[PDB]
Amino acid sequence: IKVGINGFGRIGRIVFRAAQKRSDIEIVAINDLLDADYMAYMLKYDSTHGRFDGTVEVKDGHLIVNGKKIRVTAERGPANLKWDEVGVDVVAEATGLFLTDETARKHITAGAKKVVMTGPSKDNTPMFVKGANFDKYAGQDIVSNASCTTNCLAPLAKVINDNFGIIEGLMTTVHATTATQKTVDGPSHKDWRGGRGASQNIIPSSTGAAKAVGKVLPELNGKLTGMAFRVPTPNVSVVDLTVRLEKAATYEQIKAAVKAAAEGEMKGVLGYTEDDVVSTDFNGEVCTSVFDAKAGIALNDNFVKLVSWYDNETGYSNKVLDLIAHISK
């Protein structure tokens, strides 16, 4: 599978890094508004993920990564990208600018066969989350991989709902700082809290991840909503899910049910630990949802708070590639 990346931001770069360790996917082209030498620097050095484990060199305005040449472009309009030349099958839409059908379809008019959006859709483009509803993919040519937080919540919510039935749930994610935030108090006209200094503050934030679960798991439609707190850590976030269960279930039953999925049909997607973990212990986590057995607490058999960690860059990026491979089957 030959794939091109549009947007070499946080997600595009780690999608690129993760794709190197895969045998079924080849990155052949990248498009961003930055020169290739700068793109090389951003790939070689990363304050969160360490130095690139490979070779990066610039030759004639293009990138040579581990011997393979990657066509570099800097086109602003996605109709122009000429995806035909390097022969790309799927395009990873990681700019955040093109989250509709008409936006991303310009990739298909430019020669790509299918595209995966590295963010939640803004129209009705179908969203797919591994562990949740990958098995419901119906050959659509443009898909969304939802968001970091949905990829953490949905697999956990599916296991809980399938074994015990979620009547209703309220969610809080304690989220690491992201590129949208400011170093000091600065302008953020659509989200006033979000403009305050990120390193000084716990910042409440809205989120649609809890309701978006209703789209990937229609059973839970209208039963979850939530919010977020942004805190001054560079990476790794944690979901705090408070749910009511129709079927009584002790905490040990919940642990066993999650551990079973983590070792079975959801291996590599849902993780499970009983160790004294903290957030940095998941820097690099490929699982999109690691259940923290000892951090959760139950008030009784039908009212429980469940905790699950996610590397909001590494897990999401690896599942973007899983979605790319899945829609290419």
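Position 1 is the first residue in the sequence shown; the rest follow in order.
The mean Cα B-factor in the deposited entry runs higher for 77 to 85 than for the other of 131 to 139 and 77 to 85. Taking the PDB entry as given, 9 to 17 carries the higher mean Cα B factor of the two stretches 305 to 313 and 9 to 17.
Based on the entry's C-alpha B-factors, the most elevated value among 33, 261, 277, 43 belongs to 33. Across 227, 146, 108, 154, the entry's maximum B-factor at the CA atom is seen for 108.
In the PDB entry, residue 212 places in the middle third of its chain by CA B-factor. Split the chain's modelled residues into thirds by C-alpha temperature factor. Residue 58 is in the highest one. Ranked by C-alpha B-factor against the other modelled residues of its chain, residue 98 falls in the highest third. Sort the chain's modelled residues by C-alpha temperature factor and residue 287 lands in the lowest third, per the entry. In the deposited entry, the Cα temperature factor of residue 67 places it in the highest third of its chain's modelled residues.
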